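# Structural features, examined
Residues per chain, in single letters:
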Amino acid sequence: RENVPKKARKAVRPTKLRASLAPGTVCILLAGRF
RNA sequence: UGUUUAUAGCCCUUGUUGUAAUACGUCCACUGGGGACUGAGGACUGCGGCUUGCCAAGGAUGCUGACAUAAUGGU
C-alpha cells in the first residue's frame, strides 16, 4: 500500500557548542583509546 | 560611690543625603543552563509566523558508529 511517511517538520540547525570550548584551549579526553 | 561626653559612647525626635538601598510579596506574551521519560500518527489540506518559498506552525528526524563466531529478545 506504499505507506508514504508524513512530511516531518524537523530541520537541522547548527549545534550551539559550549562556551568554554573555544579554539586553542587545553582539554582532557574522557573516552577512547587516548 | 556619686555624675551627663569630656581622653568611650548610647538612647529619643526632627532635618538632610533620597525619587537611598535592601528584604519581602507579586508579575514579565524577560532570559540562560543541567537531567530523565516519551516519538503515538503516516501523501496534500488546518490554525499561525517569517517572508513564491522558509518555519520549533494538526505527534522525529538527521549525522554517524560498533557487532553479527554477539548484541537484543526469549525459554
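Residues numbered from 1 in each chain as written, not as in the entry; some residues may be left out. Chains lettered and ligands numbered in written order. Part of a larger assembly, values for the part shown. Heavy atoms only, no water.

### Concerning unusual backbone geometry
Using the following cut-off: Relative accessible area decides the class of each residue, using a 1.4 Å probe on protein chains only: under 20% of the type maximum gives buried, over 50% gives exposed, and in between gives partly exposed.
One non-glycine residue with positive phi stands out, namely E2, at about 45°. Relative accessible area serves as the criterion here: at 67%, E2 is assigned to the exposed category.

### Digging into the protein's contact with RNA strand B
What counts here: Being near a molecule or strand, for a residue, means having at least one of its heavy atoms within 4 Å of it. Definition of a polar contact: a pair of N or O atoms within 3.5 Å, with one able to donate and the other able to accept a hydrogen when the atoms are protein atoms, and with sequence-neighbouring residues admitted only if both atoms are side-chain atoms.
For RNA strand B, the full set of nearby residues is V4, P5, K6, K7, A8, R9, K10, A11, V12 and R13. Across the atoms of RNA strand B situated within 4 Å of the protein, the share located in sugar and phosphate is 54%. Measuring from a phosphate oxygen of RNA strand B, one finds a side-chain N or O atom of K10 at 2.9 Å. Contact between RNA strand B and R13: a phosphate oxygen at 2.6 Å from a side-chain N or O atom of the residue.

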